[PDB]
Each structure stands twice: as C-alpha cells, then as structure tokens.
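Peer 1: Structure below; questions to follow.
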Amino acid sequence: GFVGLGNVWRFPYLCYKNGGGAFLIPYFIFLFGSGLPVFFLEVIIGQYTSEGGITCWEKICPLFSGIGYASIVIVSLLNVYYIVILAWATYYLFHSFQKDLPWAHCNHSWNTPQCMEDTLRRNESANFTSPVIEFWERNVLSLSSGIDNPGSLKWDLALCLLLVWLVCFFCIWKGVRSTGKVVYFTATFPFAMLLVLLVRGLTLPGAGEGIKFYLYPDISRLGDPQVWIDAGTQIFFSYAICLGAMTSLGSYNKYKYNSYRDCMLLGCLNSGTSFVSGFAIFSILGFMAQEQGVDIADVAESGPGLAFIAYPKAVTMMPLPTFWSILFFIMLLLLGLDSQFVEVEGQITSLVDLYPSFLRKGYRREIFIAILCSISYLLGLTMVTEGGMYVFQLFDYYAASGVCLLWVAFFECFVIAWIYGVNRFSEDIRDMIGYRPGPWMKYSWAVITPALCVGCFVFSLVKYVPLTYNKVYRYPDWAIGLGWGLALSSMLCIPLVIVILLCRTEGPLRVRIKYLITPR
Amino acid sequence: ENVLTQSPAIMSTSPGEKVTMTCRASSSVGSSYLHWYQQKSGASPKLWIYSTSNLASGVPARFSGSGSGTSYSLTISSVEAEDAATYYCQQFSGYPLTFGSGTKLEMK
Amino acid sequence: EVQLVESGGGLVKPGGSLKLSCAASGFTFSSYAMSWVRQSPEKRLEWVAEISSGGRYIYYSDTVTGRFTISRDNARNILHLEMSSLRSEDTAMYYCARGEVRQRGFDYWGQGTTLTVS
Ligand SMILES: [Cl-]
C-alpha cells in the first residue's frame, strides 16, 4: 500500500481548485487510460535493464535516452518543493505543542483585526477572515503581496527546512531507513490517521454539502484545460513517486510475482487513498462552509495550503486537539519524509549510474550527498521566504507536475509503442513476468495515453489560462516565464539529447537514426 | 534442475473412488506456475490443470488441484473409465522447465 | 481450432542431425511463445527448448543446451528444431507445445515425431 503527500496534500487542493466534482472525471479517465499503464510501463523499464535511471534506455531505443535526464530534472525540482512542504509540516508540528492551537482562535499578534472565531460567525447577522486561514497565511506563510516581493527569509521556516534536510541527510546515507516492524507501523499509521480524519469529517454538520461539491460534476468546467492537466498530472505525480517506491524499496524483488498485478495493487490503493482523503477534506470544507457564511468553493485556499487549513481545522473539532495535531503533522512528516528518502535515494542512484566510476563513486561520496542536499536547500530557500508560496506554487504547477509529466509520459509511450515495438515490449514482459500484457495496456501505450497527453497539451496551448494562486493572484509574465523555464528544463532534456546524439554519431541521417533507435 | 518427484506411476484404483496424487519439487515453485497434464494411452498430452488449481477447457469439475510451494496435489472426486491416463505435474517458472514423473491410473 | 502438426521425424545415425517442423495454424503465431517437449520410450516428459514470441528469448534444458537449436519462422507459422550430435539417450517422441502464458502452461500440444537414434 502506497501513500505520500500526493493523496494527502496534492489531490485535495487540485480537486478543490478545479470545482470538486469536475476533477474526478479526468482523474479516473487518466487513471484507467494512462496512469496505471504508464506506471506499469516504467516499472517494466526498471525491471528490464539491471541499472538505474538514465541508462535504462540503452536497451529501449537509445535515441530517446533523454527521458532519463528528464526524470533527473523532474525529481530534482520535486525534491526541492516537496521538502518545503515538509518544512511547513514541521512548522505546524512545533506550533502544536501547546494546549490550545494557534489556528483555533484569533487573538494573537499575526491576526488581523477583521478576524473573529469561526464558531461565532453565523451570529453576526461577510469580509471576516477565518483564524485557520489567517494563521496559515500570516504566521506560517506570512504571505506577501506577490512573487515580486519575496520580503524577508523566515528564519523559523528556514530552520524547519534545515531540520528536515538534516533528517534526510542523516538517513539517505550514514544511516538506514525503516526496515522491520517500523515498516508495519508506518504502513498503517497514515491510513489510520486518514481514517480518523474521514470519520471526523463525515460526522461534522454540513459534510453532505461538501461531498455534493466533491462528487457532483460541473460539466461546464470540463471544458477548462486546467482541470484535465491537473487531474492527469496528479495521476502522473502520484505514480512517479510510486515508481520510486518499488524501485527504492526493492529492485527486481517482484521479479516473477506479477509486476502487472503488483502495479495495479499499488496504483489502485494510491488512487483510493486519494479518493478517501478527498472525502475527508471536502467533508471538512463543507462543514466550514456551513459554519461560516461563505460558499464551499470560497471557504478555504484554492491552492497548496488546503491541507494546512482543512485538516488543522478538523483537528480543532476533535477531543484533545493537541494530540491529533501532533500526530497528524507527525503523519505528514513520516509520509513526506519516506517519500523524500525514496526520491533522493532514486536521484543519487541515478546520478551515480550516470557516472558509474566517473569522479563520484571512486571518491568519498559522502560529500556528494551533502552538496546535493546543500544546493537543494538553497533552492528551497527561494520558496520558504515571505513570498514563498508564490515560488512554491510555480514549482508545483510547472517544475515537476505540469506539461512536463505529460511530455515524459507521452514520449515513453510513443517510444515503446512505435519506435521500440508493442510486440517486442510484450515479449520482454512475458520474459520477465510470464504473460504478454492485455489489449488494455497495449492500446493504452499505443493510442490512449499518447492521445490523452497530446490532447491535454494542445488543448491548454490553444485555450491558455495563466497560473493563478488562490484565484486572486495573477503571476507576472516573468514568473510564468520562470515556471515555463522549469517545465522546459524538465521537457527539453529529450530533444537536446536527440540533437546531441545525432551530432555525436557520424554518418548520414538515416544511418544515424537507424543506429540510435535500435536497442543496445 | 528442479526435479519434481511425483507419486509412483503404477496406481490401481477402482472407479468411483476419490483419489489423490502428490508432486514434490526439489526447489520451491511459486504455486501459480505448476500445471498438470493428462496424457492418454498412445495420445498427446493436453493441459488439464493450470496454476495448480484452475481447470483447463474440456476438463470436468471432478478434478481439483491443491498445494503450494513444494507439495502439490491433483484430486479426482470420482474416477470414471475416461480417467485412465498418465498425469504429469509441471512447474513452468524456473527456466530449466521440468515435468514430473509418471502417475498412470489403471483400473481394476 | 488450434492445430499443431509436427513433421520431419525419423531414424537418424548417432552423432547426426535432423530438422523438425512444428507447423501451426488457427491462431496468430507471432504472439505465442512455443516449446519443444520430448517424451522418452520410458514415457517421461522432458522439456527440450522454448523460443519466445519473437525469437529473442531462447531457452534450453541442461541436457541439450549446447547441441540443440530451436528456430521459428513467423512468416510461415512454422516452428523448427535443428539438432546436432544426437547421442544414444536422445531417442524420444517430440511434441510441439504452445506455452505462452507462464501461468497457463502448454495449453495446446501437437502430434509426435519419433526421433530414433541407432
Ligand atoms: Cl493521487
């Protein structure tokens, strides 16, 4: 069973930002036409070549070996912003150790005079701010006027980010991760905590209106190209980390045992965990909309702080809220820290496979972990400042889960389906597993996933809406250009590798292409 | 090789009697990869039970299979005169694919 | 109806060679892996050689690893088995078997060709 800060954090706010009900139709369309086949595809590439990352494509069409470098750039940017998520979770954890939680009431220093408590909001009869949103935007974020105003580096959040990078650095190497009975604890503790939030959320007054927001689709919103890419790349986001889950928690361990059915087990458990966490979150948001005087779609942040608003707000409606706040943010830290151990281990493994003996493995290699974590911390300092949410939402929308994931998935499916061969790949699959994949996987890699990714990419490129944080901020064109630069640094790995592999190999164009598309 | 020592070939059982036959493997078979074949007198073998429990097409429900790991069993609920043949158990996981020995069901 | 017909079996000298030909029809031959299973006159079944769906994954048993070669012609839907150095403990009844899914075994077999070494 796989779970991370995908299901728990990302899917609720991407669903809430895109109207709730209208998000689930592209979510399940991508889940059953793209996401499970692409997840099985990358798992078969991982099990096929007995190496890691970039050099997994020397046996699958070495012309397109830039998919490995695209995965390198995607996981690097993902590590930076996913660890600043963990910095926010740590900051909420250290603010959870007093008796009465700081987001429960608004009489503190960071609160505006316009606030009053959410319990006393329907007795006013309306431009009154909730205390959870005020705490989130003014003590955790200390949200500035825009990305043009980064303000000052929050030393609280920067030391929380340094603490969680020291936890990562002291566990990636010079240490060991969870192996034995602690695995059995950390496999069911996030599910138990999510079950506690779900049972709490459904019993809140007004959860039914939130579930009606969550499940009933708004069909006019399906014509928004933001919804389709948000859903499909939430699938590709939650499964690229699930790709690293199998690869980093055991390579070729599932060798004869059904890496088809293993992949559908973890994929369906991951998507079901997303769906359960969405039920919990939107039950809380329906409760908050009934409790306040505002709409369900306006009650909280249409942006990444939804899990830091709805889940702490539900924690404040528990018996002993300090207990549930401490354990919920410990759960967030365990989930994202295990996923960060997974992704940083994958990044180190793939870079020391990029240079097997070239200057990395022959030296100490302890210092390479420190340098990678150091520049990843310094890049994480750009989005943990006072304008840190704007840089963070840029990184989340663009750097590792935007059209870049559609680009990588379409290019993997196109290469394996056409330039490598569905039948050749199926023969390899039968060699490792024992049976060729069915017409679902075959026609998904051939037709369905390239058509879905190309259609969503072209559909947003013809019906473009800019990235907006919390429906009210409009990013400046330099910030949109920076986000597209992160996406293209993930995306332009493939064509630049195509060009340099054409120019390094001597011969005519047909001979170069023929040499580079035949596997080695 | 994964030598599958099977039950002794000469078994003689009256019709209508519940019978069983074992298939011990030297290595460990993954229990979705061990199959049973029925080869009649002077005829070709045919797939009879696959993945140690499932029934092949044209095989009556009176046949059943059980076991996992090392010990695998084929069970007939009641023997009729069309069940007089030799049964081979066969792992098909490890790349030196080995069949079992004979288990020839003769009448009385 | 899936049918598998084997041919090219007969008496050969020891240390010689002979080419079998499993001709199959009624199904697509490029999508299913194929194996050769031999049966001794003592009536024990031994798997000889499995070729994959495209011929890129070819396996042999430990008895005939270095002297038996199995080939497939996808275009003519025929499965071959080139032999070499046929020793005395190789006289058998050679069957062609459609083994593609590893969890469903050799679901369709064919007739036999009596390879006789004397
Ligand atoms: Cl998800």
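Here the protein sequences line up with chains A, L and H, keeping their order. Letter by letter, the first sequence follows residues 57 to 181, 189 to 583 in the entry's author numbering. Each residue of the second sequence is one higher than the last, beginning at 1 in the entry's author numbering. Each residue of the third sequence is one higher than the last, beginning at 1 in the entry's author numbering. We treat Cβ as the ideally placed atom computed from N, Cα and C, and that holds for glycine.
1. With DSSP as the reference, label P96(L) as helix, strand or coil.
2. Could you give the C-beta distance for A81(L) and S41(L), rounded to a whole number, given that I count them as a contact under 8 Å?
3. Measuring only between beta-carbons, confirm whether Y279(A) sits less than 7 Å from chain H.
4. Ligand 1 and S340(A): does the residue's C-beta get closer than 6 Å to at least one heavy atom of that ligand?
5. The alpha helix (DSSP H) that contains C71(A), what's its start and end?
6. To the nearest angstrom, how far is it from the Cα of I10(L) to the Cα of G102(L)?
7. Going along the chain, which residues of its own chain have a beta-carbon closer than 7 Å to the beta-carbon of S7(L), five neighbours each way excluded?
8. Could you tell me whether any non-hydrogen atom of ligand 1 is closer than 6 Å to the CB of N63(A)?
9. For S402(A), verify whether its CB is less than 6 Å away from any heavy atom of ligand 1.
10. In chain L, which residues lie less than 7 Å from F68(H) when you measure between Cβ atoms?
11. Using the C-alpha atoms, what's the distance from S90(A) back to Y506(A)?
12. Measure from the alpha carbon of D358(A) to the alpha carbon of each residue in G75(A), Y83(A), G307(A) and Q456(A), then state which is nearest.
13. Since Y37(L) contacts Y88(L) with CB under 8 Å, what's their CB separation in whole angstroms?
14. I want to verify the contact list: residues of chain L whose CB lies under 7 Å from the CB of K319(A), in sequence order.
15. Let me check understanding here. Comparing Cα to Cα, which of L61(A), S553(A) and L469(A) lies closest to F299(A)?
16. Could you tell me if the beta carbon of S301(A) falls within a distance shorter than 6 Å of some heavy atom in ligand 1?
17. Does ligand 1 have a heavy atom nearer than 6 Å to the CB of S205(A)?
18. Comparing the CB of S90(A) with every heavy atom of ligand 1, is any distance shorter than 6 Å?
19. Check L312(A) in the structure and name its three-state DSSP category.
20. Roughly how far, in whole angstroms, is the beta-carbon of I304(A) from the beta-carbon of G60(A), given that I think they are within contact range, below 8 Å?
21. Identify the continuous beta strand (DSSP E) that holds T70(L) and give its terminal residues.
22. Within 10 angstroms of the Cβ of residue 4(A), are there 16 or more other Cβ atoms? Answer buried if so, exposed if not.
23. Using the rule of at least 16 other Cβ atoms within 10 Å of the residue's Cβ for burial, across every protein chain shown, is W144(A) buried or exposed?
24. Going straight from the alpha carbon of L530(A) to that of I543(A), what length do you get?
25. Output, in sequence order along the chain, the residues in the stretch 20 to 36 of chain H whose CB is closer than 8 Å to any CB in chain A.
26. In the DSSP assignment, what residue or residues form a beta bridge with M34(H)?
27. Could you tell me which of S31(H), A92(H) and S30(H) sits nearest to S40(H), measuring between CA atoms?
28. When the Cα atoms are used, what is the spatial distance from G548(A) to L133(A)?
29. Is any beta-carbon of chain H found at less than 7 Å from that of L97(L)?
30. Since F350(A) and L267(A) should fall inside the 8 Å C-beta cutoff, what is the C-beta to C-beta distance between them, to a whole number of angstroms?
31. Is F276(A) near ligand 1 - that is, is its Cβ less than 6 Å away from at least one heavy atom of it?
32. Considering only the alpha carbon of each residue, which of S17(H), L20(H), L4(H) and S31(H) lies closest to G484(A)?
33. Any C-beta of chain H sitting closer than 7 Å to the C-beta of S51(L)?
34. Which chain H residues are close to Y498(A), counting only those with a beta carbon under 9 Å from its beta carbon?
35. Are there any heavy atoms of ligand 1 lying less than 6 Å away from the beta-carbon of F67(A), as far as the coordinates show?
36. Check the Cβ-Cβ distances between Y60(H) and every residue of chain A, and say whether any is below 7 Å.
Peer 2: Short version:
1. Looking at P96(L) - three-state DSSP - the assignment turns out to be coil, as it is neither helix nor strand.
2. That belief does not hold up - the Cβ atoms of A81(L) and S41(L) are roughly 12 Å apart, past 8 Å.
3. no
4. no
5. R66 to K73
6. The C-alpha of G102(L) is placed about 8 Å away from the C-alpha of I10(L).
7. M21, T22 and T103
8. yes
9. No.
10. Result: empty, since nearest Cβ-Cβ is about 13 Å, beyond 7 Å.
11. 10 Å
12. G75(A)
13. 5 Å
14. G30 and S93
15. Taking only the C-alpha atoms, the option nearest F299(A) is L469(A).
16. Within the cutoff, so yes.
17. no
18. no
19. Residue state, collapsed to three classes: coil.
20. Indeed, because the Cβ distance is near 5 Å, the residues count as touching under 8 Å.
21. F63 to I76
22. Coverage of chain A is limited to positions 57 through 583, which leaves residue 4(A) absent and any answer about it impossible.
23. Burial is judged here by how many other beta carbons sit within 10 angstroms of a residue's own beta carbon; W144(A) has at least 16 and is buried.
24. Each residue's alpha carbon lies about 7 Å from the other.
25. From the stretch 20 to 36 of chain H, only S30, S31 and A33 have a Cβ closer than 8 Å to chain A.
26. Answer is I51(H), bridged to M34(H).
27. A92(H)
28. For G548(A) and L133(A), the distance between alpha carbons rounds to 12 Å.
29. Chain H, which has a Cβ nearer than 7 Å to the Cβ of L97(L), makes this yes.
30. About 4 Å separates the two Cβ atoms, so the contact holds.
31. no
32. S31(H)
33. Judged by the 7 Å Cβ criterion, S51(L) is in contact with chain H.
34. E100, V101, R102, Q103 and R104
35. yes
36. Answer no: the Cβ-Cβ gap between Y60(H) and chain A never drops below 7 Å.
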